[PDB]
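Just one chain follows, in the form deposited in one PDB entry, and it is written as structure tokens.
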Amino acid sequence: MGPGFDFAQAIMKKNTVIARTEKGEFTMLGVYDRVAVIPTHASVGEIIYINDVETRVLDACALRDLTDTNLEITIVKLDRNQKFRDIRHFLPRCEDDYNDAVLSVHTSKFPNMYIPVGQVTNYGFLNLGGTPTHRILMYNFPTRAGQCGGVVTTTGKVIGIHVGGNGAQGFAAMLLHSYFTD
């Protein structure tokens, strides 16, 4: 409808795949080369389905901060025959608050979904499903099941991936440029 949705659509149409694990279908953001991210609770194994094609996982790393606290981001390298558009220059360098964000989802169940979630708070600590978690972003939208891995953007920035909700608020894990240096 507007420049927020324009940027979100541009990211969804080139930098997402549908990831299936034994724990469900997830929106999966490709970042560069064959490297993508997914919430850690997807429990990635040695094999994953990518757009319903059996795909070997070459590496998977569940990120934790330097206090050894869960970040809820898993970085996956896929044995795919094609690279993602490199979007690392759209990642923020530092923890921050944001205005006017969009949460975008693409699964079998929720294709072409875009939600204007509004103001995003640097919330920080969250007890996420019993697990102490750092670097959490919060937005005041009643997010539901199946939206996990959905991409949080502002105009010009890819800032996080949706990892949870409490029925009234939704929570995302930060994406930082420093996660994807090579």
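The first residue of the shown sequence is 1; numbering continues from there.
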Between 108-116 and 84-92 (mean CA B-factor, as deposited), the higher: 108-116
As stated in the PDB record, which stretch has the larger average Cα B-factor, 25-33 or 149-157? 149-157
From 144, 64, 56, 135, can you pick the one with the highest C-alpha B factor in the entry? 144
Please say which third, lowest, middle or highest, residue 121 falls into when its CA temperature factor is compared across its chain. highest
Ranking the modelled residues of this chain by C-alpha B-factor as given in the entry, is residue 173 in the lowest, middle or highest third? lowest
Residue 127 - which third its CA temperature factor falls in, relative to the rest of the chain: highest
Chain-relative C-alpha B factor for residue 100 (record values, thirds): the highest
By the entry's values, the third containing the CA B factor of residue 69 is the middle
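Separately, the form deposited with a small molecule bound exists; it is not shown, and the next lines address it.
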Would residue 59 count as a contact of the small molecule in the deposited complex, using a 4.5 angstroms cut-off between non-hydrogen atoms? yes
Would residue 35 sit within 4.5 Å of the small molecule in the deposited complex, counting heavy atoms only? yes
